[PDB]
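Notes follow once the structure below has been shown.
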Amino acid sequence: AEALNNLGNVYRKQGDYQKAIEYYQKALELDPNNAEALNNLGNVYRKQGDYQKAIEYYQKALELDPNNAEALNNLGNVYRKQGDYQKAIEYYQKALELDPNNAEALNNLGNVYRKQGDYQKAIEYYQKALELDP
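One rule links them: number in the authors' numbering = place in the sequence shown (from 1) + 2.
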């Protein structure tokens with residue numbers, strides 16, 4: 003399944019999303035509890051705009067590893083892209099509970115608050131993000 007994963011990665015990198023979904027799904031048939039295949043699938047579904055399928059494989063990935071800040075963040079992103087800001091915040095906060103120094107989670111939390119109109123919170127979360135790396 004590592005070869006199938008690699009094939010999917012290449013097509014995914016070159017934007018051939020439907021070919022990438024094929025190869026990731028083939029990796030899941032060999033190891034149905036493959037974290038990399040499950041995460042990579044949610045990645046392609048998110049990039050495609052299939053937000054229900056992205057949630058499906060992102061929630062499947064969090065079942066096997068509830069400490070994937072990368073998946074926790076991408077689940078929040080998928081919820082933000084479908085306008086569910088309450089769920090998106092909940093997931094960015096889950097990613098910050100795990101790692102309070104997550105620059106993408108802090109940046110994404112400021113982004114959602116800006117979209118919401120809570121600019122006082124947005125400035126607070128954006129400041130936290132720059133307080134890490136210049």
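The beta carbon of each residue, even a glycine, is placed where N, CA and C say it ideally should be.
Chain-order list of residues whose beta-carbon lies under 8 Å from that of residue i (same chain, five-residue window excluded)
i, result
"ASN7", "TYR25, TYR26, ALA29, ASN36, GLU38, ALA39 and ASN42"
"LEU98", "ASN104, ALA107, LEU108 and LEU111"
Member of the options whose CA lies at the smallest distance from the CA of residue i
i, options, result
"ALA131", "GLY10, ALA107 and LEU100", "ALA107"
"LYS117", "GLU126, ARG82 and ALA105", "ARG82"
Alpha-carbon to alpha-carbon, residue j and residue i
i, j, result
"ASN76", "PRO34", "21 Å"
"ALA90", "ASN110", "9 Å"
"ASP101", "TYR19", "30 Å"
"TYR87", "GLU65", "22 Å"
"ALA71", "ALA124", "21 Å"
"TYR127", "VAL80", "20 Å"
"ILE23", "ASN45", "10 Å"
"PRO68", "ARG48", "19 Å"
Outcome for residue i when other beta-carbon atoms lying within 10 angstroms are tallied against a minimum of 16
i, result
"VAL114", "buried"
"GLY85", "exposed"
"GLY10", "buried"
"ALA63", "buried"
"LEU74", "buried"
Close-in-space but distant-in-sequence residues of the same chain around residue i (CB under 6 Å, 5 per side omitted)
i, result
"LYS21", "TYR13"
Residue i beta carbon near the ligand COA (any heavy atom closer than 7 Å)
i, result
"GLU4", "Annotation note on the ligand COA: not contained in the displayed structure, which lists no ligands."
Cβ neighbours of residue i in the same chain (closer than 7 Å, five flanking residues each side left out)
i, result
"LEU134", "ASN103 and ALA105"
"residue 137", "With the chain covering 3 to 136 only, the question about residue 137 has no answer from this structure."
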